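Here are two versions of the same chain, shown separately as structure tokens and labelled structure 1 and structure 2.
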Structure 1
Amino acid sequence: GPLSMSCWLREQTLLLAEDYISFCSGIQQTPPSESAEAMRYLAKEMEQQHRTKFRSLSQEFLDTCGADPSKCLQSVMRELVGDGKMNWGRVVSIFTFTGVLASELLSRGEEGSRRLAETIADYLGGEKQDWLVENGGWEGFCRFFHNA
């Protein structure tokens, strides 16, 4: 139905990804939601824990997949998740990577964000719909943050 569960999750994911991309692209606003406060903290924390690997994958991605960043990104996301139990940590890694892309892009030029956020929303809100719901939605992410 209109604004079903999948729709609400997709929209929420989309705007969370638009926030983090903005956050990494030199924009400074208070977090628009609790989930955004959580992601900004956890995604940047994960970046510092692996800065060279994310920066290296990001540069390679930009230098290889300029033709269509979206379809490469879909593959990257699948490989970030891998074959094991999915978890909020894996989800965070998706945001981290895309935020590093966004910042490296701005150091070089400028706006693929619109493309990137939708691609994230389609993958998590669409493909991984079942895991997201099973794990409480973005509310469950906020709980994961308030105990991490």
Structure 2
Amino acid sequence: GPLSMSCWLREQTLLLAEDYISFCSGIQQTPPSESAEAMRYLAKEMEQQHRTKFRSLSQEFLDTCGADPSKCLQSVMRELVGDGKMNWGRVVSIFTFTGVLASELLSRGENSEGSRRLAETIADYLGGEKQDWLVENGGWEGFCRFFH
């Protein structure tokens, strides 16, 4: 059912977000899944292509958000897709931005708990709010094949 699928998509997304965030946090481990290998490559490609802008955005974000970065990230994700359209490129940017955000929070002395909250925010949004789009596009296996 829709609830069963959403729960599964949320967990699949959480694993993916947790892996990318860890990858951005100095941890070196083999990708746990083909989708993780793909996201590591694609999200770092997007960062390398816009590194200064992502860095500036992450610092502005954290300086204007305050107490709850996860809540602020939900509002950004909502505005990113605020034109009703959804595609894998926008998903990649969410991962790229959150990876830079996580790295900046670590640089500022924060614990890994904040990282986990950001991963759960991505998972809840894509696996819950965007479950229909994710399913119709084949989920993270479709993400893999779309980018060959």
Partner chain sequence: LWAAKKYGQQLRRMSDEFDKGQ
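Here, residue number means position along structure 1's sequence, counting from 1. Whichever C-alpha set is largest while still superposing within 1.5 Å between the two forms counts as the rigid core.
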For this session: Only one of the two shown forms is the form solved without its partner chain, so please name it by number.
Result: 1
Seminar exercise, completed: Shift test between structures 1 and 2 (rigid core reference, C-alpha, 2 Å or more cutoff) over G26, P32, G82, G89 hits only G82
Problem set entry | Shift in Å of the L101 Cα between structures 1 and 2 [rigid core superposition] | 0.7
Exercise. For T64, what C-alpha shift in Å results between structures 1 and 2 following superposition on the rigid core?
Worked result: 1.7
